[PDB]
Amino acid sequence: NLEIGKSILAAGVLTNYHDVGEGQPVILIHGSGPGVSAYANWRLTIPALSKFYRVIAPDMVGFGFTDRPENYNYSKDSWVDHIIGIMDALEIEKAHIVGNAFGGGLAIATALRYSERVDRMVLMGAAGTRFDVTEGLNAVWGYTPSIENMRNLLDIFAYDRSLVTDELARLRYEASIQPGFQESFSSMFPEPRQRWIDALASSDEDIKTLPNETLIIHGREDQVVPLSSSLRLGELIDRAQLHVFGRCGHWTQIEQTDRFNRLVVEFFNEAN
């Protein structure tokens, strides 16, 4: 299983993670869909970035192959603590961070609490402030196992559905039913789900204090997180750039791979 990488104790949690490349560190933080893992989200990104940077992609606690501690208290602050715990464990003092949706919200929260630990940020299909839960997001977080549900979920993420094959649907369905996966997932963002968008979000006031050079990326046809959320992030963050891909759904790193990889590598390259 290529989704399984190495193991490390981070913030007291046995964490699964991938570590590829050398040089300036870059932390990639995956989204919050069923069966998600750092590898599943970044398999097409790591190769390109690792040629210029040291890429770290961990499975956030409660997701992927990282341990799911009994009675663990999941929260924005706990996840931020995990991220920092991972960086501490790997002696990564300061790093660039790329966050996908859920991971983007965590990136912002980490930058606010640990400003000194974050350099440049890439927020993809994310939201910094609250937005009204979408049908797409409620479907994602309200997922229950079945190949048809996974196919429909994958279709929600993609602009070009021809990319969603029965094979892919089967593979991610199988990923979603691994021991304990659906258990923790279903208990992660229970109804009413607007609560979790509200809890993961950061205040407009706090976001405006971010000094980080930021690159906000979003797919015009994103059915999960509305484009309006990234537009808002772009109005709030001072040193920000916004890049919207037309004919692109939620997973821009997948549907606009080469364009995404070039923008990100060059964005980090500026830091010299």
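Position 1 is the first residue in the sequence shown; the rest follow in order. Rigid core (definition): largest C-alpha set, two forms, superposition within 1.5 Å.
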key: 81-89 against 125-133 - segment lying farther from this form in 7 other deposited structures of this protein (CA RMS, rigid core fit)   = 125-133
request  = Averaging the C-alpha B factors as listed in the entry, name the stretch that ends up higher: 51-59 or 64-72.
outcome  = 64-72
request  = Averaging the C-alpha B factors as listed in the entry, name the stretch that ends up higher: 101-109 or 75-83.
outcome  = 75-83
ask   = Say you rank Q194, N149, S176, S115 by Cα B-factor from the PDB entry; which sits at the top?
value = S115
remark   = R172: C-alpha B-factor third of its chain, per the entry, is the middle
task = Relative to the other modelled residues of the same chain, rank the CA B-factor of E205 and answer lowest, middle or highest third.
result = highest
message = Sorting by Cα B-factor within the chain, modelled residues only, which third would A127 end up in: lowest, middle or highest?
response = highest
Position of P226 among the chain's modelled residues by C-alpha B-factor, lowest, middle or highest third = middle
query = If you rank the chain by CA B-factor, which third does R239 end up in: lowest, middle or highest?
reply = middle
